[PDB]
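Structure record follows, encoded as structure tokens.
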Amino acid sequence: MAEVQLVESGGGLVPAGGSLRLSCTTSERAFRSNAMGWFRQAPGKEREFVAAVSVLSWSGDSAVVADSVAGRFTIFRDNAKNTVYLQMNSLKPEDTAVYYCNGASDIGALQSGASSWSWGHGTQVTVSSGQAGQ
């Protein structure tokens, strides 16, 4: 593991069914030349893969998400901002965790739980039971 710039934000507290968008920004060469991914670690549980984007090809990338978040979370780059976003719609209580960004030389490594950089501080996501009815 090596210390690479990682800025992580977007966490917060929302009721089940709410949404948040996470942001991971890194330096430009790291952003372009590595696959980048989001992981999460819930209280009492092992850190696990959430979603990833591949190394940039000449004019594109590809994306994968964990089965448990399919249809709810969308991962994407904003190439202009060196940022990997995780749009989290329709959050569930079991999505509560600290979310962490990392990188690896290819997307299959991230999918297996592997990564290459020192971890940042992450961003805390708490999905509560619900909210008042009106």
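Along the sequence shown, residues carry numbers from 1.
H121 and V98 get closest at one heavy-atom pair: O-CG1, 4.0 Å. The shortest non-hydrogen separation linking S105 to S116 is N-OG, 4.4 Å. Annotation for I107 and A35: closest pair N-CB, 3.5 Å, computed over non-hydrogen atoms. Across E8 and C101, no two heavy atoms sit closer than the pair OE2-N, 2.8 Å. Across all their heavy atoms, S90 and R72 have their closest contact at O-NH1, 3.0 Å. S128 approaches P93 most closely through the heavy-atom pair O-CG, 4.2 Å.
Atom CD of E28 is separated from atom CG of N79 by 12.0 Å, given to the nearest 0.5 angstrom. Taking CG from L13 and CD from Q124, the interatomic distance works out to 11.0 Å, rounded to the nearest 0.5 Å. Here the OG atom belonging to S33 is positioned 8.5 Å from the CG atom belonging to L56, to the nearest 0.5 angstrom.
In this structure, the side chain of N102 engages the main chain of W117 through a donor-acceptor pair within 3.5 Å. Judged by distance alone, the side chain of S54 and the main-chain N or O of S62 form a donor-acceptor pair under 3.5 Å. In this structure, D95 contributes its side chain and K92 its backbone to a donor-acceptor pair below 3.5 Å. No donor-acceptor pair under 3.5 Å is formed between the side chain of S19 and the backbone N or O of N89.
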- Message: What verdict does the side-chain contact (heavy atoms from CB on, under 4.5 Å) test give for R40 and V69, after you've listed the backbone C-alpha separation in whole Å, the side-chain angles of each residue and the deciding distance to 0.1 Å?
- Response: CA-CA 12 Å; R40 70 186 174 182; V69 307; 4.0 Å; yes
From CA spacing to verdict: side-chain contact (heavy atoms from CB on, under 4.5 Å), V14, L20: CA-CA 8 Å; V14 297; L20 294 168; 3.7 Å; yes
Report task. Test side-chain contact (heavy atoms from CB on, under 4.5 Å) on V7 and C24 and set out the steps. Result -> CA-CA 6 Å; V7 182; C24 172; over 6 Å; no
Can you check side-chain contact (heavy atoms from CB on, under 4.5 Å) on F31 and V53, steps first, answer last? CA-CA 10 Å; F31 172 83; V53 290; over 6 Å; no
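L86 is not listed as a side-chain neighbour of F76, based on a closest heavy-atom distance of 4.5 Å or more. Proximity of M88 to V125: side-chain heavy atoms (C-beta onward) are separated by under 4.5 Å at one or more points. A heavy-atom distance below 4.5 Å is not found between the side chains of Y99 and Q41.
Aromatic ring centres of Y100 and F39: separated by at least 6.0 Å. Aromatic pair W38/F49: centroids not less than 6.0 angstrom apart.
Residues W119 and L110 share a hydrophobic cluster, clusters being chains of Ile/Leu/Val/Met/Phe/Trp/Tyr side chains in contact below 4.5 Å.
Under a cut-off of 6.0 angstrom, the local environment of CD in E94 is crowded, with over 12 non-hydrogen atoms contributed by other residues, nucleotides or ligands.
A donor and an acceptor atom, one from each side chain of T96 and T126, are nowhere located under 3.5 Å apart. Side-chain atoms of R21 and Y85 form no donor-acceptor pair, as typed in the model, at a separation below 3.5 Å.
Just one residue in the list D61, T83, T26 forms a side chain to side chain contact (heavy atoms under 4.5 Å, CB included) with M36, and that residue is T26.
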